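Next comes protein_3.cif, with mmCIF, C-alpha atoms.
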```cif
data_target
#
loop_
_atom_site.label_atom_id
_atom_site.label_comp_id
_atom_site.auth_asym_id
_atom_site.auth_seq_id
_atom_site.Cartn_x
_atom_site.Cartn_y
_atom_site.Cartn_z
CA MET A 1 115.18 134.83 127.67
CA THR A 2 112.62 133.06 129.77
CA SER A 3 111.18 130.98 126.91
CA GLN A 4 114.45 129.17 126.06
CA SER A 5 112.13 126.35 124.91
CA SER A 6 113.33 122.82 125.14
CA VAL A 7 113.34 122.27 121.34
CA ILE A 8 111.97 118.83 120.44
CA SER A 9 111.90 119.59 116.68
CA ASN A 10 113.80 122.06 114.57
CA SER A 11 116.54 120.67 112.32
CA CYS A 12 114.64 117.36 112.44
CA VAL A 13 111.36 117.80 110.53
CA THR A 14 111.18 115.80 107.26
CA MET A 15 111.62 112.96 109.74
CA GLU A 16 107.89 113.64 110.17
CA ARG A 17 107.23 114.40 106.48
CA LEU A 18 108.33 110.97 105.25
CA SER A 19 105.07 109.27 106.35
CA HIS A 20 103.36 112.01 104.23
CA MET A 21 105.61 111.47 101.21
CA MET A 22 106.21 107.76 100.63
CA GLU A 23 102.82 106.12 100.38
CA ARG A 24 101.69 107.75 97.16
CA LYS A 25 102.17 106.04 93.75
CA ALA A 26 100.99 102.52 94.67
CA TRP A 27 97.26 102.69 93.85
CA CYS A 28 93.94 100.92 93.12
CA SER A 29 92.73 97.64 91.58
CA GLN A 30 94.68 94.64 92.74
CA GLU A 31 91.50 92.55 92.67
CA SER A 32 91.43 88.79 92.11
CA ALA A 33 94.50 88.87 89.78
CA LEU A 34 92.46 87.79 86.76
CA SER A 35 95.50 87.86 84.42
CA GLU A 36 97.40 84.91 86.01
CA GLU A 37 99.33 82.13 84.09
CA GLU A 38 102.87 82.44 82.63
CA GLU A 39 104.88 81.10 79.70
CA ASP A 40 108.45 81.83 78.64
CA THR A 41 111.39 84.21 79.09
CA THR A 42 113.12 86.38 76.44
CA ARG A 43 112.10 89.90 75.80
CA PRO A 44 114.52 92.61 76.98
CA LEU A 45 113.95 95.37 79.53
CA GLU A 46 113.09 98.82 78.31
CA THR A 47 115.29 101.51 79.83
CA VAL A 48 112.63 103.81 81.35
CA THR A 49 114.38 106.99 80.11
CA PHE A 50 114.96 110.26 81.99
CA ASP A 52 110.24 109.95 81.76
CA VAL A 53 111.74 110.70 85.18
CA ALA A 54 111.95 114.49 85.12
CA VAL A 55 109.30 117.11 84.31
CA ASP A 56 110.40 119.88 81.96
CA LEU A 57 110.46 123.35 83.37
CA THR A 58 108.39 126.54 82.99
CA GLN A 59 108.89 130.26 82.36
CA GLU A 60 105.97 131.63 84.30
CA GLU A 61 105.80 130.10 87.83
CA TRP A 62 108.94 131.16 89.67
CA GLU A 63 107.22 133.30 92.32
CA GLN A 64 105.10 130.51 93.80
CA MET A 65 108.12 128.55 94.96
CA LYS A 66 109.64 128.86 98.47
CA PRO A 67 113.34 127.87 98.98
CA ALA A 68 111.86 124.43 99.53
CA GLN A 69 110.03 124.58 96.18
CA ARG A 70 112.43 127.15 94.76
CA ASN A 71 115.62 125.53 95.90
CA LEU A 72 115.57 121.78 96.43
CA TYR A 73 113.57 120.74 93.33
CA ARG A 74 117.08 120.32 92.08
CA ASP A 75 117.99 117.27 94.26
CA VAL A 76 115.04 114.88 94.07
CA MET A 77 114.17 114.53 90.36
CA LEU A 78 117.94 114.71 90.50
CA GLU A 79 118.23 111.86 92.97
CA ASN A 80 117.28 109.59 90.14
CA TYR A 81 120.57 109.52 88.13
CA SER A 82 123.81 109.40 90.11
CA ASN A 83 122.78 105.95 91.39
CA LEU A 84 122.82 103.92 88.16
CA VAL A 85 125.21 106.33 86.61
CA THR A 86 127.25 105.31 89.69
CA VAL A 87 126.47 101.52 89.48
CA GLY A 88 124.47 100.49 86.38
CA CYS A 89 123.70 102.27 83.03
CA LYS A 93 124.02 114.48 80.85
CA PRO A 94 121.21 116.39 79.22
CA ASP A 95 121.62 120.02 78.21
CA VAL A 96 118.11 120.24 79.71
CA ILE A 97 120.10 120.58 82.97
CA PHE A 98 123.24 122.87 82.74
CA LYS A 99 121.10 125.49 84.56
CA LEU A 100 120.99 123.26 87.70
CA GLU A 101 124.06 123.84 89.97
CA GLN A 102 124.88 127.47 89.22
CA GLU A 103 122.85 130.06 91.08
CA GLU A 104 121.02 132.40 88.70
CA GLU A 105 118.07 131.02 86.65
CA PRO A 106 117.61 129.24 83.27
CA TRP A 107 117.20 132.31 81.00
CA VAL A 108 120.06 134.62 80.18
CA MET A 109 118.60 137.32 77.94
CA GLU A 110 121.19 137.44 75.15
CA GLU A 111 118.49 138.24 72.58
CA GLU A 112 119.10 141.62 71.01
CA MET A 113 121.51 144.23 72.00
CA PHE A 114 121.59 146.73 74.81
CA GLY A 115 121.74 146.89 78.60
CA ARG A 116 124.67 149.27 79.26
CA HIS A 117 128.12 149.06 80.91
CA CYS A 118 128.93 150.91 84.15
CA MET B 1 95.93 135.73 139.20
CA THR B 2 95.35 132.88 141.65
CA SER B 3 95.80 129.36 140.23
CA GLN B 4 99.16 129.05 141.97
CA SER B 5 99.87 125.46 140.92
CA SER B 6 101.49 123.83 143.96
CA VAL B 7 103.86 122.52 141.27
CA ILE B 8 102.71 119.02 142.19
CA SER B 9 104.96 117.31 139.64
CA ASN B 10 107.28 119.33 137.39
CA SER B 11 110.83 118.07 137.51
CA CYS B 12 109.16 116.09 140.31
CA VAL B 13 108.17 112.82 138.74
CA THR B 14 111.03 111.36 136.70
CA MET B 15 112.36 111.67 140.19
CA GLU B 16 109.51 109.52 141.65
CA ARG B 17 108.79 106.66 139.26
CA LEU B 18 111.35 103.89 139.92
CA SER B 19 108.53 101.52 140.83
CA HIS B 20 107.34 102.10 137.26
CA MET B 21 109.86 100.79 134.69
CA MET B 22 113.11 99.59 136.30
CA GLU B 23 111.11 96.63 137.55
CA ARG B 24 110.22 95.00 134.19
CA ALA B 26 113.28 90.44 136.73
CA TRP B 27 111.66 87.11 135.84
CA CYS B 28 112.07 83.32 135.24
CA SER B 29 112.41 81.54 138.54
CA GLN B 30 114.97 80.22 141.05
CA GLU B 31 112.64 77.45 142.20
CA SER B 32 114.53 74.91 144.33
CA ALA B 33 117.74 74.21 142.47
CA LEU B 34 118.81 70.74 141.37
CA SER B 35 121.30 71.71 138.65
CA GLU B 36 124.74 72.46 140.06
CA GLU B 37 128.44 71.68 140.69
CA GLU B 38 131.19 73.88 142.07
CA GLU B 39 134.60 73.74 140.43
CA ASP B 40 138.04 75.25 140.04
CA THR B 41 137.97 78.93 139.02
CA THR B 42 139.69 78.20 135.71
CA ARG B 43 138.41 79.19 132.22
CA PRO B 44 138.58 82.87 131.21
CA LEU B 45 135.80 85.42 131.37
CA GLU B 46 135.15 86.93 127.95
CA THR B 47 133.00 90.01 128.45
CA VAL B 48 130.04 90.62 126.17
CA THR B 49 131.56 93.86 124.69
CA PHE B 50 129.76 97.05 123.58
CA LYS B 51 129.18 96.19 119.94
CA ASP B 52 125.85 94.46 120.57
CA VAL B 53 124.90 96.48 123.69
CA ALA B 54 123.60 98.99 121.11
CA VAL B 55 120.97 99.21 118.34
CA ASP B 56 121.72 99.95 114.70
CA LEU B 57 119.12 102.74 114.52
CA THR B 58 116.25 101.45 112.39
CA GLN B 59 115.43 103.25 109.21
CA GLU B 60 111.68 103.84 108.96
CA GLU B 61 110.94 104.20 112.70
CA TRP B 62 110.76 107.56 114.63
CA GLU B 63 107.40 108.99 113.42
CA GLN B 64 105.43 108.83 116.67
CA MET B 65 108.16 108.66 119.42
CA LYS B 66 108.12 112.29 120.57
CA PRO B 67 111.78 113.38 120.13
CA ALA B 68 112.00 113.37 123.90
CA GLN B 69 111.77 109.62 123.33
CA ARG B 70 114.50 110.34 120.77
CA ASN B 71 116.62 113.04 122.40
CA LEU B 72 116.65 110.97 125.59
CA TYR B 73 117.30 107.97 123.37
CA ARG B 74 120.91 108.33 122.11
CA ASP B 75 121.51 109.68 125.63
CA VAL B 76 120.66 106.05 126.56
CA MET B 77 123.41 104.31 124.59
CA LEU B 78 125.30 107.52 125.38
CA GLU B 79 124.56 106.61 128.99
CA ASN B 80 125.81 103.08 129.29
CA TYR B 81 129.07 104.28 127.77
CA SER B 82 130.43 106.14 130.80
CA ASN B 83 131.54 103.10 132.64
CA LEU B 84 133.35 101.87 129.52
CA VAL B 85 134.91 105.31 128.91
CA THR B 86 135.35 106.36 132.56
CA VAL B 87 136.02 103.04 134.41
CA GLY B 88 135.92 99.58 132.84
CA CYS B 89 137.34 97.29 130.16
CA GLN B 90 137.73 99.17 126.94
CA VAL B 91 135.55 98.75 123.86
CA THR B 92 135.65 101.27 121.01
CA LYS B 93 133.58 103.99 119.28
CA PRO B 94 131.20 102.05 116.98
CA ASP B 95 130.21 102.68 113.37
CA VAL B 96 126.70 104.14 113.46
CA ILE B 97 127.84 106.67 116.09
CA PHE B 98 128.46 109.77 113.84
CA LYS B 99 124.94 110.88 114.93
CA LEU B 100 124.78 110.29 118.70
CA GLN B 102 124.86 114.96 115.86
CA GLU B 103 122.44 117.58 114.55
CA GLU B 104 120.09 117.34 111.61
CA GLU B 105 119.44 113.63 111.73
CA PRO B 106 120.82 110.13 111.15
CA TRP B 107 119.36 109.80 107.66
CA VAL B 108 120.95 112.99 106.45
CA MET B 109 121.91 112.86 102.78
CA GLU B 110 124.95 113.59 100.70
CA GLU B 111 124.10 111.17 97.90
CA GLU B 112 123.01 113.16 94.83
CA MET B 113 124.27 116.69 95.39
CA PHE B 114 122.90 120.21 94.82
CA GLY B 115 120.65 122.30 97.03
CA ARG B 116 119.57 124.85 94.42
CA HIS B 117 120.87 128.41 94.61
CA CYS B 118 119.59 131.12 96.97
CA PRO B 119 121.36 133.62 99.26
#
```
Can you turn what I pasted into structure tokens?
Amino acid sequence: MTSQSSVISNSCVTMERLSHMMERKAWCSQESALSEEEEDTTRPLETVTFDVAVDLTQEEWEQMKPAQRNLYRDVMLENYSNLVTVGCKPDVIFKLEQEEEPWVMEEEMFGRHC
Amino acid sequence: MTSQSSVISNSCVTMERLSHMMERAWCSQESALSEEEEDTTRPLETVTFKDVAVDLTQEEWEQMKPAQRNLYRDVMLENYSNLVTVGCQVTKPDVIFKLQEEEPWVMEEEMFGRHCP
């Protein structure tokens, strides 16, 4: 009741995690562009594919704080509804939006009613 | 014990400065030659309060200790109280919906927030 801080940071953090987030992925050798020249224009794109998301795991669900636990679902998941909302829904998902966790043990028989 | 800091400058400085920022009044008035007085005709036209503000810039705000942020909005929140207390009336601009908790670059795009309590 004497340390009522001043609070300079609290609900405003990532705002200092961006600069430790968006530098990665542009890397190495851009030396002397030895493959210059050109020619023509014709061959189509090649729709990337959702090669965007990393399939899940059974075993590592204890090493995941509500940042790693929760979230996760959002970012991988930020790719999608922005191209499926301008340009160009896997059962792989279906477990993302409804609390719980991917495995419902329906295998075999008993667990009791009460 | 001892070390009874004669609180030389707590609250006491942002009280003192003045001669330290509000000075940064230039380009001369060196013997005029350009002139002419005339009838007080053509209208004013203010400058408004659209431009007298800064569309908060996306990447910035790393460094700038959020006292250079918290005080910030409270800058363009602190020209506004002539224009919403005595003046000629502008309006509540776009970007405003932040002047607000979390942050400007909050998200709603792409939903979800994965289950927990």
- request: May I ask you to extract the residues of chain A within 12 Å of chain B, using all atoms listed in the file, and to give them as a VMD selection string?
  value: chain A and resid 6 to 20 22 65 to 86 99 to 106
- line: Using all atoms listed in the file, the shortest atom-to-atom distance to residue 90 in chain B among B:28, B:110, B:49, B:14 belongs to B:49
query: Between CA of residue 56 in chain B and CA of residue 109 in chain B, what is the distance, to one decimal in Å?
result: 17.6 Å
Taking all listed atoms of range 81-84 of chain A, build the axis-aligned box, pad each of the six sides by 4 Å, then write its centre and edge lengths in Å to one decimal as AutoDock Vina command-line options.
```
--center_x 122.2 --center_y 106.7 --center_z 89.8 --size_x 11.2 --size_y 13.6 --size_z 11.3
```
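CA of residue 77 in chain B is found 16.6 Å from CA of residue 89 in chain B.
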message: Report as a count of residues only all protein, DNA and RNA residues lying within 12 Å of residue 54 in chain B, evaluated on only C-alpha atoms, omitting residues in the same chain fewer than 4 positions from it.
response: 19
- request: Provide the CA of residue 45 in chain A to CA of residue 94 in chain A distance in Å, to one decimal place.
  value: 22.2 Å
